[PDB]
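Quick heads-up: it's one chain on its own, the form deposited in one PDB entry, in structure tokens.
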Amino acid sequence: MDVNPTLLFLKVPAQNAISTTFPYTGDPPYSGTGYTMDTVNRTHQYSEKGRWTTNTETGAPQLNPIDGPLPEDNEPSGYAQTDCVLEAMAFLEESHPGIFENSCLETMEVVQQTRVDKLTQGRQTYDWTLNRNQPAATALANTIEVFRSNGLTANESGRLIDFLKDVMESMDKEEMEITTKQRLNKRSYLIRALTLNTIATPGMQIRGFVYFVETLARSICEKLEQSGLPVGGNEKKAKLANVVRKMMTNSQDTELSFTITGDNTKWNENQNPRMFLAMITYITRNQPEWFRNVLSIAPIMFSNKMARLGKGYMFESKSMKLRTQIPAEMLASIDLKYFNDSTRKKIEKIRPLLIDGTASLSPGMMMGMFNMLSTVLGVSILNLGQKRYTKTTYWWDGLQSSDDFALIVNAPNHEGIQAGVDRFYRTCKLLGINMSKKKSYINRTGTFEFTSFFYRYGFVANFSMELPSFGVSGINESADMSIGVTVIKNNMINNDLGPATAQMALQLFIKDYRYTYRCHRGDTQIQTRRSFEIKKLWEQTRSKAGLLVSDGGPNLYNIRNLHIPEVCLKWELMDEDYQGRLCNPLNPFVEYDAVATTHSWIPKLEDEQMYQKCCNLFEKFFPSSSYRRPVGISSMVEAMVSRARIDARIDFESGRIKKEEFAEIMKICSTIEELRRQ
């Protein structure tokens, strides 16, 4: 025959075999400026009927579709009505009284008591000091350095709010200089501070404000049942069943219940930052003005945001056989003869918005950033489905995330179901929410999908998580075993990893571990460089079951004991002398549980590591700093000098140090104090 794996769905329901419709297990081995231009053009086209203004601070053209013409077709529209958004927010507050006030009270603490180092946690971030993407910590250090070079010294208190005050103060001065000695005027600095690099990253000036906004949004979402974003694992599978139970508990069953397996692909491009500003303004009513101000800055800078085009285009010449790179910065004056038909149309339609090498993108939002706030906006529409709001025989409820949504509509008859679906769709349009009527479908309640969670008559399958790596981690062979078994155990608990699949992942990990560390079992014929030592250890050992895998021992790991460190697991089966050798504190070589053994060995801005040198020097004077956060009102120099003086004094009297060395230490301490007064 001809094998057709798709025919398996003729016997097995789609949901039970849906796992076979996911091609990859991990990031595929494949991956531009043209896409960025397409995104900008689409974003401005969906909202082209709004007002046009030129920024007085940047000179960038800006498009404002808020309160624009109402749509008259089923195309994406950014014309979100301010009054409609505010009414939805008011009704959300009404259905959950005290939600916004309580969220603001909870968030003020985070705003007041957050440290600047909170801003080092994240993926690559755009670095305005270098016009390049950098790690969060490096970008933060660079920003702090450049701010210090200028008269901006307020983040030297360990508060994110003080660093954000520095950010606000930076935009006031008329000159910003970067030493590596570049000079930036006010307009160029503003343009680089509002730049979103490239699936997009903001600079190290919008990240703190975004963080506070997202904290407030998480606080709000934690109190909403329809919010499916913040939770994840087997408690989202609870939400999927809970909504169906809510919508299916009918008395004298006559109503019809239909479920929309919704899709909202590319719905961020119709999310205007101005509506998010209105959202935050309504959420923070009757709150301190400082809190309103700090929460009302990220949308302010997103309304003025600007997309960096990226690398650019590359050209080819078949005659002279040469290549050139054309940076997007100079792609505003190039003659359009070189470009392709599609590309020259893009470059022509985006030229008006190009300024200082970046496109001006006021309308819309990019993936990420305001995920929680968009979830709040969606739950606002889901909140309007209550009969008290839909004053009709039909009502709806559902789940909301930043990527997908689910809707359940209940009505006495099919016409009522159509009326409910139409009303939900039209209310979504009034708030700039564009349902994708290309990837959405409706069926009677009993089966639906939500963020790769497939529900079928009470059974939910979680296929939203990529099967993780089950190879070595690249650390000592003692830590790799612990990490490998812990990853499997954690996937069994959180990502619905099957027992048999977990056992075979254990087998593959043990194979990879043995081939990386050449620790094949002592009774095998495999001949590595390490085979002789391992075989000698195998022969000399009476109990060939307490030997670790690192020592050519057996693998005793199974499902029941994935939570137990290997050394403890094999402790009772160990030879006493092998214990004494392996677990010898005086050996030459040295979120997981591992016992320190001989296998815990170690293998092979003018000063980037300046910050990671004073801390390491402090840890030598105060070893407890590696376990607990240091506390003290004195300086680093005073602490270390006093420690050295006391230690040298006690050490000289103990005889471990001669008098001359003690005098030398005291002299160096005096010199260090002298340097302390410069």
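By rigid core we mean the largest C-alpha set that fits within 1.5 Å across both forms. Numbering starts at 1 and runs along the sequence shown.
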Exercise. Do any residues of the deposited sequence lie unmodelled between residue 198 and residue 199, and which range holds their number: none, 1 to 3, 4 to 9, or 10 or more?
Worked result: 10 or more
For this session: Pick one of none, 1 to 3, 4 to 9 or 10 or more for the number of deposited-sequence residues not modelled between residue 318 and residue 319.
Result: none
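Omitted here: the form deposited in another entry. The next part is about that form.
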Problem set entry | Residue among 105, 241, 171, 545 with C-alpha shift of 2 Å or more between the shown form and the other one, core superposed | 545
For this session: Determine whether the C-alpha of residue 397 shifts by 2 Å or more between the shown form and the other one once the rigid core is superposed.
Result: no
Problem set entry | Rigid-core frame, C-alpha of residue 57, shift of 2 angstroms or more between the shown form and the other one | no
For this session: Classify residue 522 as shifted (yes) or not shifted (no) between the shown form and the other one, where shifted means its C-alpha moves by 2 Å or more with the rigid core superposed.
Result: yes
Exercise. Any idea whether residue 638 and residue 156 get closer or farther by CA distance in the other form, knowing it moves 3 angstroms or more?
Worked result: closer
For this session: Looking in the other form, decide if the C-alpha atoms of residue 124 and residue 495 are closer or farther than in the form shown; they differ by 3 Å or more.
Result: farther
